[PDB]
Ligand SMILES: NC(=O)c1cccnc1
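Below you will find one chain, with nothing else, as structure tokens; this is the form solved without the ligand, and questions on how it binds or moves follow later.
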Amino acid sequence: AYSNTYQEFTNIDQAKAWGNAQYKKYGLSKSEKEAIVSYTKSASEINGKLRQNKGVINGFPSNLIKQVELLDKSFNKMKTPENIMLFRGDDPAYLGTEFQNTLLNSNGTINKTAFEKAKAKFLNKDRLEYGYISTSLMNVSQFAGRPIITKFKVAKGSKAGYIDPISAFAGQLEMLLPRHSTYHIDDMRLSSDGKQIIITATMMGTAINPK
């Protein structure tokens, strides 16, 4: 129809080759790579601070400010040449503290009532994320244990970096997205296998554009 087409990697060997190919052309500086390595080693803490302070970094320790600004600007060199689907998994808290202990039933499946509340709260609305967004080119094993799977539709030209080869601690086929990014949740449904929430969203972009 009038919908756009987003590619999805289904072969890990090619996803790795494709990502490696993009990486080879970034021309990242030594300090930019170190910033990315540092991010992979303290992602939880950095994103936690970003959320806590709503994206304002002036109060962060000087060293962290430098790291964040380096990472922010590194995206000027990292764009995806294709419309691509990116994946990530999340725990109930992602939907809000109110679901942290209400989304799942004692058997693995997810309560339908809580799920219905999740839709009214997020379906057909823009969502702003203060932290950076770690994703993978494929639905890697690192997930499949999380109750929430999000599929982001990222358009050609968007800021997105394949950091899998930059850090020993990056996730498998990890594609990092800029912080302070907004996306629109287009669809929310249960997995057809024993309940699970599959979220499909269109990535709109980031407000962090240095230069």
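Residue numbers here begin at 1 and follow the sequence given. Shifts are known only where both forms have a C-alpha. By rigid core we mean the largest C-alpha set that fits within 1.5 Å across both forms.
What comes next is about the form solved in complex with the ligand, which is not displayed.
Site status: open, since the ligand, placed by superposing the C-alphas around its site in the bound PDB entry, has no atom within 2.4 Å of backbone or C-beta atoms. Interface residue remark: residue 153 is not counted as part of the site for the ligand in the bound PDB entry, having no heavy atom within 4.5 Å. The shortest heavy atom separation between residue 143 and the ligand in the bound PDB entry is within 4.5 Å. Residue contact check for residue 115: none of its heavy atoms lie within 4.5 Å of the ligand in the bound PDB entry. For the chain shown alone, residue 80 is not a contact residue for the ligand in the bound PDB entry, no non-hydrogen atom being within 4.5 angstroms. Comparing C-alpha positions between the shown form and the other one after a rigid core fit, one residue in 160, 35, 46, 170 moves 2 angstroms or more. It is 170. Here is what shifts between the shown form and the other one when you lay the two on the core: runs of at least 3 residues, every Cα off by 2 Å or more, at 167 to 171, 193 to 195.
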